Amino acid sequence: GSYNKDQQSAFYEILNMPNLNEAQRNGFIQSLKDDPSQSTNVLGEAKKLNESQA
Amino acid sequence: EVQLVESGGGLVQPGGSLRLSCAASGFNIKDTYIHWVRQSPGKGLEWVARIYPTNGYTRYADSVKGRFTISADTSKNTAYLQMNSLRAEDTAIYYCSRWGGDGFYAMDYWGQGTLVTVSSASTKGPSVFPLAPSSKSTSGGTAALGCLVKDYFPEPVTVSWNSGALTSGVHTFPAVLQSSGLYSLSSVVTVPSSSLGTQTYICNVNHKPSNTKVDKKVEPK
Amino acid sequence: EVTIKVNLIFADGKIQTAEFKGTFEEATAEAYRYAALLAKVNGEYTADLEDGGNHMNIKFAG
Amino acid sequence: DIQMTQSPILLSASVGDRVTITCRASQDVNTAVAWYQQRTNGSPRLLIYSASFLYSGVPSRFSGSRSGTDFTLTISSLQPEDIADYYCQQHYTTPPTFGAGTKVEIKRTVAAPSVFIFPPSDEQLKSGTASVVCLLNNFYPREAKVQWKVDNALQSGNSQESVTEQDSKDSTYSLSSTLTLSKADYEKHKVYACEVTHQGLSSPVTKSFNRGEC
């Protein structure tokens with residue numbers, strides 16, 4: 001379906017994370033689609049995982 | 001008849017992702033809450049998440065918030081759990097259940113559960129060896145025989161005898177983790193001594209994670 | 001974590017056993033609480049401690 | 001959050017006995033508490049909901065009650081198939097939480113095990129490891145001591161035990177003890193013996209074989 005500019009931003013951040021593998025990147029993107037109410041939490045965990053794989 | 005069936009469980013490395021499905025039938029998930037509940041091996045039940053598919057309202061356990069997401073597709077009468085950033089402690093059987101169905105304020109139906117194993121270790125199929133009946137496995141006119149299902153990962157394995165036709169007198173032991181990090185178990189069955197050599201005994205072993213399916217005929221030496 | 005083992009001895013001579021786990025003080029408290037609860041239906045209880053409090057024999061009056 | 005404290009951890013009683021399991025909520029949960037039964041390798045099964053109401057198809061020997069924050073599950077005439085873990089769960093507030101579980105087991109008369117031993121298979125010996133299996137079948141109580149001897153030398157650190165859950169009909173246990181050696185070590189020795197001590201046996205029982213005997 002369609003997204004607001006906040007949802008689009010969240011996708012963009014995860015899409016660009018350099019230390020995630022493609023399974024993880026797509027897993028997190030899927031979570032953003034799954035439950036929009038959890039956007040902030042999902043992004044937080046993706047950031048943490050990205051940082052730990054630096 | 002109300003039924004829920006989970007699928008999608010399997011071995012994943014720490015940091016990895018998996019997606020579980022909960023397929024409902026005999027009722028519409030639009031009319032109830034759907035929950036995910038997990039159970040670490042040998043431990044208790046722990047609530048994971050819940051959704052009300054009619055309005056999309058969700059709640060999560062603190063320990064999975066941000067890492068797992070619950071969702072539902074009412075047109076497929078199916079709920080899902082996306083699981084990212086997985087950790088060893090997430091290893092569990094994951095059940096889905098309904099709540100509020102038919103006005104019952106409890107989890108009245110549960111699926112069979114699907115196993116999630118979070119580990120860096122590789123899949124390995126078992127070797128299956130006979131435990132042949134002999135003068136050392138018989139007494140009182142009955143005799144024990146079986147199969148040793150050795151060196152596999154991850155759980156689980158299933159064992160049946162004679163394609164499920166033989167169930168009386170069977171003991172399939174709980175798997176034991178060896179020091180190598182691989183599992184092993186035996187399944188034994190007790191039968192009349194007089195049937196040895198006339199009645200065929202085969203253990204049917206299945207280890208789905210490695211696609212291993214073995215039918216081993218067990219005979220006196 | 002300790003395990004307090006308990007024999008529950010009922011007026012008609014039936015015997016059950018139970019285990020309570022936690023810190024020694026938690027498990028103790030739970031054992032006495034369980035006794036008080038069973039006593040409502042099974043009559044006044046008496047608890048005899050053995051093994052420095054790690055085992056109890058709890059008898060109900062009936 | 002609300003926690004549910006379940007007691008005892010383990011309860012053992014005879015067939016026909018009345019058993020009582022308890023659950024305590026850390027604060028008021030009204031009647032929003034359910035009880036589930038979980039048999040070995042099975043899914044949880046709803047027994048009682050809203051503290052005291054029996055789920056359809058559940059036998060009437062199960063009942064539940066409430067006093068304040070104290071909840072009780074009673075089984076009035078314990079049956080061998082009632083062996084299971086039992087869990088309470090509150091839905092008064094989110095997160096809904098479960099008690100840690102109570103295991104219920106059956107007490108019955110003493111029964112000595114049938115003791116059997118299995119040499120490694122020729123197939124296994126084709127590769128480099130030997131497993132020797134000692135089986136104790138259909139005994140009670142669960143406690144049992146199994147020791148391995150190879151050429152009369154007591155073994156340590158090279159065996160593992162697995163025990164079945166209590167049988168849902170006869171309330172017995174079975175146990176396997178598996179001795180693991182390399183093929184080289186197995187071929188170096190002659191006599192493999194499993195010694196079993198159990199309450200039902202008047203003295204310990206040794207089951208033994210010589211490598212190579214048919």
# chains A, B, ... in the order shown; residues from 1 in each chain; ligands from 1

$ select_by_dssp --residues "chain A" --states "alpha helix (DSSP H)" --output "PyMOL selection string"
chain A and resi 5-16+22-34+39-52

$ closest_atom_pairs --of "chain D" --to "chain B" --cutoff "6 Å" --atoms "only C-alpha atoms" --output "Markdown table"
| residue | atom | partner | partner_atom | distance |
| --- | --- | --- | --- | --- |
| D:43 | CA | B:112 | CA | 5.8 |
| D:46 | CA | B:108 | CA | 5.4 |
| D:49 | CA | B:106 | CA | 6.0 |
| D:100 | CA | B:44 | CA | 5.8 |
| D:116 | CA | B:137 | CA | 4.7 |
| D:117 | CA | B:136 | CA | 5.8 |
| D:164 | CA | B:173 | CA | 5.6 |

$ residues_around --residues "residue D:190" --least-positions-apart "6" --cutoff "9 Å" --atoms "only C-alpha atoms" --output "mmCIF file with N, CA, C and O atoms, in the first residue's frame"
data_model
loop_
_atom_site.group_PDB
_atom_site.id
_atom_site.type_symbol
_atom_site.label_atom_id
_atom_site.label_comp_id
_atom_site.auth_asym_id
_atom_site.auth_seq_id
_atom_site.Cartn_x
_atom_site.Cartn_y
_atom_site.Cartn_z
ATOM 1 N N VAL D 150 33.905 -51.359 32.446
ATOM 2 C CA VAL D 150 34.556 -51.896 31.276
ATOM 3 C C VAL D 150 35.790 -52.620 31.792
ATOM 4 O O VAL D 150 36.665 -52.005 32.408
ATOM 5 N N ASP D 151 35.831 -53.933 31.570
ATOM 6 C CA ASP D 151 36.855 -54.792 32.164
ATOM 7 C C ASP D 151 36.963 -54.531 33.669
ATOM 8 O O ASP D 151 38.060 -54.430 34.213
ATOM 9 N N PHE D 209 27.909 -57.913 28.753
ATOM 10 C CA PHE D 209 28.263 -58.726 27.585
ATOM 11 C C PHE D 209 29.769 -58.665 27.321
ATOM 12 O O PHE D 209 30.426 -57.710 27.733
ATOM 13 N N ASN D 210 30.303 -59.690 26.653
ATOM 14 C CA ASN D 210 31.675 -59.690 26.156
ATOM 15 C C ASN D 210 31.675 -59.233 24.699
ATOM 16 O O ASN D 210 30.907 -59.746 23.900
ATOM 17 N N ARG D 211 32.525 -58.274 24.354
ATOM 18 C CA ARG D 211 32.630 -57.846 22.967
ATOM 19 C C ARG D 211 32.942 -59.053 22.091
ATOM 20 O O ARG D 211 33.852 -59.824 22.394
ATOM 21 N N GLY D 212 32.163 -59.240 21.032
ATOM 22 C CA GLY D 212 32.393 -60.339 20.114
ATOM 23 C C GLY D 212 31.503 -61.552 20.321
ATOM 24 O O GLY D 212 31.373 -62.378 19.420
#

$ interface_residues --of "chain D" --to "chain C" --cutoff "10 Å" --atoms "only C-alpha atoms" --output "JSON, numbers by chain"
{"D": [5, 6, 7, 8, 9, 10, 11, 12, 13, 14, 17, 18, 19, 20, 21, 22, 70, 72, 102, 103, 104, 105, 106, 107]}

$ residues_around --residues "stretch 57-59 of chain D" --least-positions-apart "4" --cutoff "12 Å" --atoms "only C-alpha atoms" --output "number ranges by chain"
B: 108; D: 35-37, 45-49, 53, 63, 74-79, 81-82

$ write_last_selection --atoms "C-alpha atoms" --output "PDB file, in the first residue's frame"
ATOM      1  CA  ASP B 108      -9.155 -21.712  24.438  1.00  0.00           C
TER       2      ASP B 108
ATOM      3  CA  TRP D  35      -5.652 -22.452  34.252  1.00  0.00           C
ATOM      4  CA  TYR D  36      -3.970 -24.539  31.524  1.00  0.00           C
ATOM      5  CA  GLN D  37      -2.787 -28.136  31.480  1.00  0.00           C
ATOM      6  CA  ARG D  45      -5.091 -26.952  27.130  1.00  0.00           C
ATOM      7  CA  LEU D  46      -7.562 -24.585  28.769  1.00  0.00           C
ATOM      8  CA  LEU D  47      -9.146 -26.108  31.889  1.00  0.00           C
ATOM      9  CA  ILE D  48     -10.674 -23.188  33.819  1.00  0.00           C
ATOM     10  CA  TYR D  49     -11.355 -19.566  32.844  1.00  0.00           C
ATOM     11  CA  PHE D  53     -15.608 -21.652  35.111  1.00  0.00           C
ATOM     12  CA  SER D  63     -12.430 -26.931  39.620  1.00  0.00           C
ATOM     13  CA  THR D  74      -8.346 -28.474  42.518  1.00  0.00           C
ATOM     14  CA  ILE D  75      -8.354 -31.939  40.955  1.00  0.00           C
ATOM     15  CA  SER D  76     -10.751 -33.972  43.083  1.00  0.00           C
ATOM     16  CA  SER D  77      -9.887 -37.547  42.029  1.00  0.00           C
ATOM     17  CA  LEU D  78      -6.465 -37.623  40.428  1.00  0.00           C
ATOM     18  CA  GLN D  79      -6.128 -39.853  37.361  1.00  0.00           C
ATOM     19  CA  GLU D  81      -3.485 -39.146  32.667  1.00  0.00           C
ATOM     20  CA  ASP D  82      -3.516 -35.960  34.785  1.00  0.00           C
TER      21      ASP D  82
END

$ atom_distance --atom1 "atom CA of residue D:73" --atom2 "atom CA of residue D:41"
22.0 Å

$ residues_around --residues "residue D:108" --least-positions-apart "5" --cutoff "9 Å" --atoms "only C-alpha atoms" --output "PyMOL selection string"
chain D and resi 13-15+140-141+170-172

$ write_last_selection --atoms "N, CA, C and O atoms" --output "compact mmCIF listing (two decimals), in the first residue's frame"
# COMPACT_ATOMS: atom_id res chain seq x y z
N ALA D 13 0.95 -37.27 44.25
CA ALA D 13 -0.15 -37.88 44.97
C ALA D 13 -0.60 -39.19 44.32
O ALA D 13 -0.29 -39.44 43.16
N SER D 14 -1.33 -40.00 45.06
CA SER D 14 -1.85 -41.26 44.55
C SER D 14 -3.08 -41.08 43.66
O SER D 14 -3.82 -40.10 43.79
N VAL D 15 -3.30 -42.04 42.78
CA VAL D 15 -4.51 -42.07 41.98
C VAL D 15 -5.72 -42.01 42.91
O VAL D 15 -5.75 -42.67 43.95
N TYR D 140 9.40 -47.89 38.98
CA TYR D 140 8.96 -46.81 39.85
C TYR D 140 9.52 -47.11 41.24
O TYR D 140 9.47 -48.26 41.68
N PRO D 141 10.02 -46.09 41.96
CA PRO D 141 10.08 -44.65 41.64
C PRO D 141 11.17 -44.30 40.63
O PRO D 141 11.97 -45.16 40.26
N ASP D 170 0.29 -46.49 33.21
CA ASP D 170 0.80 -47.27 34.34
C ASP D 170 1.69 -46.48 35.31
O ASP D 170 2.18 -47.03 36.29
N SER D 171 1.91 -45.20 35.00
CA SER D 171 2.65 -44.31 35.90
C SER D 171 4.09 -44.75 36.18
O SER D 171 4.65 -44.41 37.22
N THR D 172 4.68 -45.51 35.25
CA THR D 172 6.08 -45.90 35.39
C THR D 172 7.03 -44.99 34.61
O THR D 172 6.60 -44.13 33.83

$ interface_residues --of "chain A" --to "chain B" --cutoff "9 Å" --atoms "only C-alpha atoms" --output "number ranges by chain"
A: 23-24, 26-28, 30-32, 34-35, 37-46, 49

$ select_by_dssp --residues "stretch 22-191 of chain B" --states "strand (DSSP E)" --output "compact mmCIF listing (two decimals) with N, CA and C atoms, in the first residue's frame"
# COMPACT_ATOMS: atom_id res chain seq x y z
N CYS B 22 0.69 -18.07 11.42
CA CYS B 22 -0.30 -18.77 12.22
C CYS B 22 -1.57 -18.85 11.38
N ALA B 23 -1.86 -20.02 10.81
CA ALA B 23 -3.02 -20.17 9.93
C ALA B 23 -4.23 -20.64 10.73
N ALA B 24 -5.30 -19.85 10.71
CA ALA B 24 -6.47 -20.16 11.51
C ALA B 24 -7.56 -20.74 10.64
N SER B 25 -8.33 -21.67 11.18
CA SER B 25 -9.51 -22.16 10.47
C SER B 25 -10.64 -22.52 11.44
N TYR B 33 -8.92 -11.90 19.50
CA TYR B 33 -7.51 -11.55 19.61
C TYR B 33 -6.71 -12.77 19.21
N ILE B 34 -5.52 -12.54 18.66
CA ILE B 34 -4.56 -13.59 18.38
C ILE B 34 -3.31 -13.24 19.17
N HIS B 35 -2.75 -14.23 19.86
CA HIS B 35 -1.56 -14.04 20.67
C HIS B 35 -0.47 -14.96 20.16
N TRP B 36 0.79 -14.56 20.40
CA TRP B 36 1.93 -15.47 20.29
C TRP B 36 2.44 -15.68 21.70
N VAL B 37 2.75 -16.93 22.04
CA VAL B 37 3.26 -17.30 23.35
C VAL B 37 4.41 -18.27 23.14
N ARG B 38 5.52 -18.09 23.85
CA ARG B 38 6.66 -18.98 23.64
C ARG B 38 7.06 -19.76 24.87
N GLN B 39 7.85 -20.80 24.64
CA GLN B 39 8.28 -21.65 25.72
C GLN B 39 9.67 -22.14 25.42
N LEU B 45 5.75 -20.94 30.16
CA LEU B 45 5.14 -20.16 29.08
C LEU B 45 5.45 -18.68 29.26
N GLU B 46 5.79 -18.02 28.16
CA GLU B 46 6.05 -16.57 28.20
C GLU B 46 5.30 -15.86 27.08
N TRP B 47 4.47 -14.89 27.44
CA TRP B 47 3.70 -14.14 26.44
C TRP B 47 4.63 -13.29 25.58
N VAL B 48 4.38 -13.26 24.28
CA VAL B 48 5.24 -12.53 23.34
C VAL B 48 4.56 -11.27 22.76
N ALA B 49 3.34 -11.43 22.24
CA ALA B 49 2.67 -10.34 21.56
C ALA B 49 1.21 -10.68 21.30
N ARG B 50 0.42 -9.67 20.94
CA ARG B 50 -0.98 -9.87 20.66
C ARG B 50 -1.45 -8.85 19.63
N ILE B 51 -2.45 -9.22 18.85
CA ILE B 51 -3.08 -8.31 17.90
C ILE B 51 -4.60 -8.49 17.94
N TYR B 52 -5.35 -7.42 17.69
CA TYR B 52 -6.78 -7.52 17.41
C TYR B 52 -6.98 -7.20 15.93
N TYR B 57 -4.79 -3.08 16.47
CA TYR B 57 -4.14 -2.80 17.76
C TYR B 57 -3.22 -3.93 18.22
N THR B 58 -1.99 -3.56 18.56
CA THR B 58 -0.98 -4.53 18.97
C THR B 58 -0.31 -4.18 20.30
N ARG B 59 0.15 -5.21 21.01
CA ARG B 59 0.99 -5.01 22.19
C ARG B 59 2.09 -6.07 22.20
N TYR B 60 3.20 -5.75 22.87
CA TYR B 60 4.38 -6.61 22.87
C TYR B 60 4.98 -6.75 24.26
N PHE B 68 10.65 -7.86 17.25
CA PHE B 68 9.57 -8.67 16.68
C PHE B 68 8.37 -7.78 16.34
N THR B 69 7.64 -8.13 15.28
CA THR B 69 6.38 -7.45 14.97
C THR B 69 5.29 -8.46 14.69
N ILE B 70 4.10 -8.20 15.21
CA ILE B 70 2.96 -9.08 14.96
C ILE B 70 2.05 -8.41 13.95
N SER B 71 1.41 -9.20 13.10
CA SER B 71 0.50 -8.64 12.11
C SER B 71 -0.53 -9.69 11.71
N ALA B 72 -1.52 -9.27 10.95
CA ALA B 72 -2.54 -10.22 10.51
C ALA B 72 -3.11 -9.84 9.15
N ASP B 73 -3.48 -10.85 8.37
CA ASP B 73 -4.15 -10.68 7.10
C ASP B 73 -5.50 -11.36 7.24
N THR B 78 -4.91 -15.34 8.64
CA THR B 78 -3.58 -15.75 9.06
C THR B 78 -2.91 -14.62 9.83
N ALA B 79 -2.19 -14.96 10.89
CA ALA B 79 -1.39 -13.97 11.63
C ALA B 79 0.08 -14.29 11.47
N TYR B 80 0.94 -13.30 11.74
CA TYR B 80 2.37 -13.47 11.49
C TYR B 80 3.19 -12.92 12.64
N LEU B 81 4.40 -13.44 12.79
CA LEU B 81 5.37 -12.83 13.69
C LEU B 81 6.71 -12.71 12.96
N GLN B 82 7.11 -11.47 12.65
CA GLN B 82 8.42 -11.20 12.09
C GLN B 82 9.40 -11.11 13.23
N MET B 83 10.53 -11.78 13.10
CA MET B 83 11.48 -11.87 14.20
C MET B 83 12.84 -11.49 13.68
N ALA B 92 12.96 -21.21 21.34
CA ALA B 92 11.72 -21.61 21.98
C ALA B 92 10.77 -22.25 20.99
N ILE B 93 9.79 -22.98 21.52
CA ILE B 93 8.60 -23.29 20.77
C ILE B 93 7.71 -22.05 20.82
N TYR B 94 7.23 -21.63 19.66
CA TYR B 94 6.35 -20.47 19.54
C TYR B 94 4.97 -20.98 19.20
N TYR B 95 4.00 -20.69 20.07
CA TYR B 95 2.60 -21.06 19.86
C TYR B 95 1.79 -19.83 19.48
N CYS B 96 0.80 -19.98 18.62
CA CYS B 96 -0.21 -18.92 18.53
C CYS B 96 -1.52 -19.43 19.16
N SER B 97 -2.30 -18.49 19.68
CA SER B 97 -3.54 -18.83 20.35
C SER B 97 -4.56 -17.74 20.07
N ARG B 98 -5.82 -18.04 20.34
CA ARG B 98 -6.85 -17.03 20.21
C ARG B 98 -7.37 -16.71 21.59
N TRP B 99 -7.94 -15.52 21.73
CA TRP B 99 -8.50 -15.07 23.00
C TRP B 99 -9.77 -14.30 22.70
N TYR B 109 -8.00 -22.07 22.34
CA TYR B 109 -7.34 -22.87 21.31
C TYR B 109 -5.92 -22.38 21.07
N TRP B 110 -5.02 -23.35 20.88
CA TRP B 110 -3.59 -23.11 20.69
C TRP B 110 -3.13 -23.99 19.53
N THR B 114 5.68 -24.06 16.80
CA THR B 114 6.78 -24.21 15.85
C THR B 114 8.10 -23.83 16.53
N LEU B 115 9.14 -24.64 16.34
CA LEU B 115 10.40 -24.47 17.06
C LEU B 115 11.36 -23.51 16.38
N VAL B 116 11.84 -22.54 17.15
CA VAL B 116 12.84 -21.60 16.65
C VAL B 116 14.12 -21.85 17.42
N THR B 117 15.20 -22.11 16.69
CA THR B 117 16.48 -22.35 17.32
C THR B 117 17.46 -21.27 16.87
N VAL B 118 17.99 -20.51 17.82
CA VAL B 118 18.95 -19.48 17.48
C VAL B 118 20.34 -19.94 17.90
N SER B 127 22.67 -40.11 12.11
CA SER B 127 22.91 -41.48 11.67
C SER B 127 21.96 -42.36 12.48
N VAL B 128 21.39 -43.38 11.86
CA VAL B 128 20.43 -44.22 12.57
C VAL B 128 20.96 -45.65 12.64
N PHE B 129 21.11 -46.16 13.86
CA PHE B 129 21.69 -47.49 14.07
C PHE B 129 20.71 -48.40 14.78
N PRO B 130 20.71 -49.69 14.42
CA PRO B 130 19.81 -50.62 15.11
C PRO B 130 20.26 -50.91 16.54
N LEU B 131 19.30 -51.10 17.44
CA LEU B 131 19.54 -51.70 18.74
C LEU B 131 18.89 -53.06 18.62
N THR B 138 16.09 -59.62 26.44
CA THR B 138 14.84 -60.36 26.57
C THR B 138 14.64 -60.93 27.98
N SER B 139 13.39 -60.91 28.43
CA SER B 139 13.01 -61.59 29.68
C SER B 139 11.49 -61.75 29.74
N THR B 142 9.26 -61.54 26.55
CA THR B 142 9.17 -60.34 25.73
C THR B 142 10.59 -59.81 25.48
N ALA B 143 10.74 -59.02 24.44
CA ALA B 143 12.06 -58.63 24.00
C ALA B 143 12.09 -57.17 23.62
N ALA B 144 13.19 -56.49 23.93
CA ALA B 144 13.33 -55.08 23.60
C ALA B 144 14.24 -54.92 22.39
N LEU B 145 13.89 -53.98 21.52
CA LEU B 145 14.72 -53.62 20.39
C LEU B 145 14.48 -52.15 20.13
N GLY B 146 15.31 -51.54 19.29
CA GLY B 146 15.12 -50.13 19.02
C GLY B 146 16.05 -49.55 17.99
N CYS B 147 16.14 -48.23 18.00
CA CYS B 147 17.00 -47.48 17.10
C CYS B 147 17.68 -46.36 17.85
N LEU B 148 18.96 -46.17 17.54
CA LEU B 148 19.75 -45.10 18.12
C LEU B 148 19.89 -44.01 17.06
N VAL B 149 19.35 -42.83 17.35
CA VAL B 149 19.33 -41.72 16.40
C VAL B 149 20.36 -40.70 16.86
N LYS B 150 21.52 -40.71 16.21
CA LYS B 150 22.70 -40.10 16.79
C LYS B 150 23.30 -38.97 15.96
N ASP B 151 23.75 -37.93 16.65
CA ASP B 151 24.53 -36.83 16.07
C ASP B 151 23.73 -35.97 15.10
N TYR B 152 22.68 -35.32 15.59
CA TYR B 152 21.94 -34.38 14.76
C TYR B 152 21.80 -32.99 15.38
N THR B 158 11.56 -36.98 14.78
CA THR B 158 10.43 -37.82 15.14
C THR B 158 10.76 -39.28 14.82
N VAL B 159 10.27 -40.18 15.66
CA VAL B 159 10.43 -41.61 15.43
C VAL B 159 9.07 -42.27 15.52
N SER B 160 8.73 -43.10 14.54
CA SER B 160 7.57 -43.97 14.65
C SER B 160 8.02 -45.39 14.36
N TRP B 161 7.16 -46.35 14.63
CA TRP B 161 7.46 -47.75 14.38
C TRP B 161 6.42 -48.32 13.44
N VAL B 170 6.12 -48.63 23.19
CA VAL B 170 7.20 -47.80 22.66
C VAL B 170 7.63 -46.73 23.65
N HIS B 171 8.94 -46.59 23.85
CA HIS B 171 9.50 -45.44 24.55
C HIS B 171 10.52 -44.73 23.68
N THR B 172 10.20 -43.50 23.28
CA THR B 172 11.15 -42.67 22.57
C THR B 172 11.71 -41.66 23.56
N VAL B 176 19.22 -35.97 24.10
CA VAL B 176 20.27 -35.47 24.98
C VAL B 176 21.33 -34.75 24.16
N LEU B 177 21.74 -33.57 24.62
CA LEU B 177 22.79 -32.81 23.98
C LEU B 177 24.14 -33.41 24.36
N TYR B 183 22.82 -33.57 19.11
CA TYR B 183 21.84 -34.33 19.86
C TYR B 183 21.88 -35.82 19.51
N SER B 184 21.41 -36.62 20.45
CA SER B 184 21.25 -38.05 20.26
C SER B 184 20.05 -38.54 21.07
N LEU B 185 19.32 -39.50 20.52
CA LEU B 185 18.28 -40.17 21.29
C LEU B 185 18.11 -41.60 20.83
N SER B 186 17.49 -42.41 21.68
CA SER B 186 17.07 -43.74 21.30
C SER B 186 15.55 -43.88 21.39
N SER B 187 15.00 -44.73 20.54
CA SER B 187 13.63 -45.15 20.66
C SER B 187 13.64 -46.67 20.79
N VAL B 188 12.97 -47.19 21.81
CA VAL B 188 12.90 -48.64 22.02
C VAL B 188 11.46 -49.11 22.05
N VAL B 189 11.26 -50.39 21.77
CA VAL B 189 9.94 -50.98 21.84
C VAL B 189 10.08 -52.39 22.36
N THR B 190 9.12 -52.81 23.18
CA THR B 190 9.11 -54.17 23.71
C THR B 190 8.05 -54.99 22.99
N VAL B 191 8.43 -56.19 22.54
CA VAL B 191 7.54 -57.03 21.73
C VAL B 191 7.62 -58.48 22.21

$ atom_distance --atom1 "atom CA of residue D:38" --atom2 "atom CA of residue D:86"
6.2 Å

$ residues_around --residues "residue C:45" --least-positions-apart "6" --cutoff "12 Å" --atoms "only C-alpha atoms" --output "short mmCIF file (atom, residue, chain, number, x, y, z; two decimals) with N, CA, C and O atoms, in the first residue's frame"
data_model
loop_
_atom_site.label_atom_id
_atom_site.label_comp_id
_atom_site.auth_asym_id
_atom_site.auth_seq_id
_atom_site.Cartn_x
_atom_site.Cartn_y
_atom_site.Cartn_z
N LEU C 8 2.84 -34.23 53.04
CA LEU C 8 1.51 -33.83 53.47
C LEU C 8 0.77 -35.06 53.94
O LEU C 8 0.48 -35.96 53.14
N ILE C 9 0.47 -35.11 55.23
CA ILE C 9 -0.12 -36.29 55.85
C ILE C 9 -1.53 -35.99 56.32
O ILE C 9 -1.74 -35.20 57.24
N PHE C 10 -2.50 -36.63 55.68
CA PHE C 10 -3.90 -36.30 55.91
C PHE C 10 -4.53 -37.21 56.95
O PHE C 10 -4.02 -38.31 57.21
N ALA C 11 -5.62 -36.76 57.55
CA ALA C 11 -6.26 -37.50 58.65
C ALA C 11 -6.57 -38.96 58.33
O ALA C 11 -6.50 -39.82 59.21
N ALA C 31 5.64 -22.73 51.98
CA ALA C 31 5.21 -23.99 52.58
C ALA C 31 4.14 -23.77 53.66
O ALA C 31 3.08 -24.42 53.64
N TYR C 32 4.39 -22.83 54.56
CA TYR C 32 3.42 -22.50 55.61
C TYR C 32 2.11 -21.94 55.05
O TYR C 32 1.04 -22.23 55.57
N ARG C 33 2.21 -21.13 54.00
CA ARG C 33 1.03 -20.58 53.34
C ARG C 33 0.18 -21.69 52.72
O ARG C 33 -1.05 -21.70 52.85
N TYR C 34 0.85 -22.64 52.07
CA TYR C 34 0.16 -23.78 51.44
C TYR C 34 -0.53 -24.66 52.49
O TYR C 34 -1.67 -25.10 52.30
N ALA C 35 0.16 -24.90 53.59
CA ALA C 35 -0.40 -25.62 54.74
C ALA C 35 -1.67 -24.96 55.27
O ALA C 35 -2.69 -25.63 55.48
N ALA C 36 -1.60 -23.66 55.51
CA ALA C 36 -2.75 -22.91 56.01
C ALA C 36 -3.94 -23.05 55.05
O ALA C 36 -5.08 -23.24 55.48
N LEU C 37 -3.66 -22.97 53.75
CA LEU C 37 -4.71 -23.11 52.75
C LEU C 37 -5.33 -24.51 52.78
O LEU C 37 -6.55 -24.64 52.78
N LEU C 38 -4.51 -25.55 52.81
CA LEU C 38 -5.05 -26.91 52.83
C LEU C 38 -5.82 -27.19 54.11
O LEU C 38 -6.75 -28.00 54.12
N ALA C 39 -5.42 -26.53 55.19
CA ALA C 39 -6.04 -26.74 56.50
C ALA C 39 -7.51 -26.34 56.51
O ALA C 39 -8.30 -26.90 57.28
N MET C 56 9.85 -30.79 55.85
CA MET C 56 8.74 -30.61 56.78
C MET C 56 7.79 -31.79 56.70
O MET C 56 7.57 -32.33 55.61
N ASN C 57 7.25 -32.18 57.84
CA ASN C 57 6.14 -33.11 57.87
C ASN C 57 4.94 -32.31 58.34
O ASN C 57 4.90 -31.82 59.48
N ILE C 58 3.97 -32.16 57.46
CA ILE C 58 2.78 -31.38 57.77
C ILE C 58 1.58 -32.32 57.85
O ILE C 58 1.18 -32.93 56.86
N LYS C 59 1.02 -32.45 59.06
CA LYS C 59 -0.12 -33.32 59.32
C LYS C 59 -1.38 -32.49 59.51
O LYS C 59 -1.37 -31.45 60.18
N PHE C 60 -2.48 -32.95 58.91
CA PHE C 60 -3.76 -32.27 59.04
C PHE C 60 -4.71 -33.06 59.96
O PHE C 60 -4.78 -34.29 59.89
N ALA C 61 -5.44 -32.33 60.80
CA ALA C 61 -6.24 -32.94 61.86
C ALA C 61 -7.48 -33.67 61.35
O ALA C 61 -7.95 -34.61 61.98
N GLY C 62 -8.01 -33.21 60.22
CA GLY C 62 -9.19 -33.82 59.63
C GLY C 62 -10.43 -32.97 59.77
O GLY C 62 -10.46 -31.97 60.49
#

$ residues_around --residues "residue D:175" --least-positions-apart "4" --cutoff "8 Å" --atoms "only C-alpha atoms" --output "PDB file with N, CA and C atoms, in the first residue's frame"
ATOM      1  N   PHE B 173      12.986 -41.813  23.888  1.00  0.00           N
ATOM      2  CA  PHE B 173      13.587 -41.010  24.949  1.00  0.00           C
ATOM      3  C   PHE B 173      13.787 -39.573  24.529  1.00  0.00           C
TER       4      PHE B 173
ATOM      5  N   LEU D 135      19.309 -50.150  29.147  1.00  0.00           N
ATOM      6  CA  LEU D 135      17.897 -49.770  29.223  1.00  0.00           C
ATOM      7  C   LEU D 135      17.253 -50.290  30.513  1.00  0.00           C
ATOM      8  N   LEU D 136      16.612 -49.388  31.251  1.00  0.00           N
ATOM      9  CA  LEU D 136      15.817 -49.745  32.428  1.00  0.00           C
ATOM     10  C   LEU D 136      14.357 -49.481  32.094  1.00  0.00           C
ATOM     11  N   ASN D 137      13.542 -50.530  32.028  1.00  0.00           N
ATOM     12  CA  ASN D 137      12.189 -50.369  31.511  1.00  0.00           C
ATOM     13  C   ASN D 137      11.095 -50.497  32.556  1.00  0.00           C
ATOM     14  N   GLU D 161      22.462 -40.039  30.623  1.00  0.00           N
ATOM     15  CA  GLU D 161      21.153 -40.639  30.889  1.00  0.00           C
ATOM     16  C   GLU D 161      20.028 -39.833  30.264  1.00  0.00           C
ATOM     17  N   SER D 162      19.003 -40.533  29.800  1.00  0.00           N
ATOM     18  CA  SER D 162      17.749 -39.897  29.420  1.00  0.00           C
ATOM     19  C   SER D 162      16.615 -40.674  30.085  1.00  0.00           C
ATOM     20  N   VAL D 163      15.608 -39.955  30.573  1.00  0.00           N
ATOM     21  CA  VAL D 163      14.484 -40.574  31.282  1.00  0.00           C
ATOM     22  C   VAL D 163      13.159 -40.113  30.672  1.00  0.00           C
ATOM     23  N   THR D 164      12.228 -41.039  30.468  1.00  0.00           N
ATOM     24  CA  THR D 164      10.938 -40.668  29.904  1.00  0.00           C
ATOM     25  C   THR D 164      10.109 -39.934  30.947  1.00  0.00           C
TER      26      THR D 164
END
